[PDB]
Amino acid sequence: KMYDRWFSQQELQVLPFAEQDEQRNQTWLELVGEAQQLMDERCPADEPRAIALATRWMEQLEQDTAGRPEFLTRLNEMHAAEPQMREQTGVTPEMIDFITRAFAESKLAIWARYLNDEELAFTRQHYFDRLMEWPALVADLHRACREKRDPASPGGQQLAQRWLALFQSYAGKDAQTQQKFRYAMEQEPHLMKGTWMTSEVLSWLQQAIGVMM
């Protein structure tokens, strides 16, 4: 019912959330209930149960948006504008904040092996500065790749510049530090979880980055 106000009926045919599926509903009942239980117990976001829960949240959310970042952004629009999303789904803004921070910890736990203490502390602080702007960029990268946009075109370079701004926001401006992050990406599959990125779109982006650099 709620999805009808936010997705076209064509989109509803491909949005798994809108499927009749008992297991999907049970899965989210568990994921929401377990998040609230950890929060009730004042579980820190860097506790292993929270990290594991948040990793599972992101896997499930990408599955149930059919890997479409524009469907993820649509859900976030919904959460802000639909009243009673707490009452309908159990998902609260405070719960998303918890999952967001726990998922960040899942990546900071890996970056710790690639960064020195100063770099890691910088990223722990600034990872959240512009985190919320990534889904919109990912959707635009998907569209550029789908439309066969030239990575060297002005608007392709606009996308590369946007990536750099968001990347430097969390990584800093030091070239040697940035090299560590890009090496970590190459070597750690988990660091591209919760991104809605595909190998095809990543390849397009890295071509656009190559032109820019």
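Position 1 is the first residue in the sequence shown; the rest follow in order.
S.K.: Return whichever of 85-93 and 127-135 has the greater mean Cα B factor according to the PDB record.
M.R.: The stretch with the larger average C-alpha B-factor is 85-93.
S.K.: If you average the CA temperature factors over each stretch, which comes out higher, 190-198 or 5-13?
M.R.: It is 5-13.
S.K.: Taking the Cα B-factors listed in the entry, which of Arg162, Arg49, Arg56, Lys148 comes out highest?
M.R.: In this record, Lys148 carries the highest C-alpha B-factor of the candidates.
S.K.: Among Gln36, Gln176, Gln60, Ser169, single out the one with the highest C-alpha B factor in the record, please.
M.R.: Top of the list by C-alpha B-factor: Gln176.
S.K.: Is the Cα B-factor recorded for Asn76 in the lowest, middle or highest third of its chain?
M.R.: Its C-alpha B-factor belongs to the middle third of this chain's values.
S.K.: Going by what the PDB entry lists, where does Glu118 fall on CA B-factor within its chain: lowest, middle or highest third?
M.R.: Within its chain, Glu118 is a highest-third residue by C-alpha B-factor, going by the deposited values.
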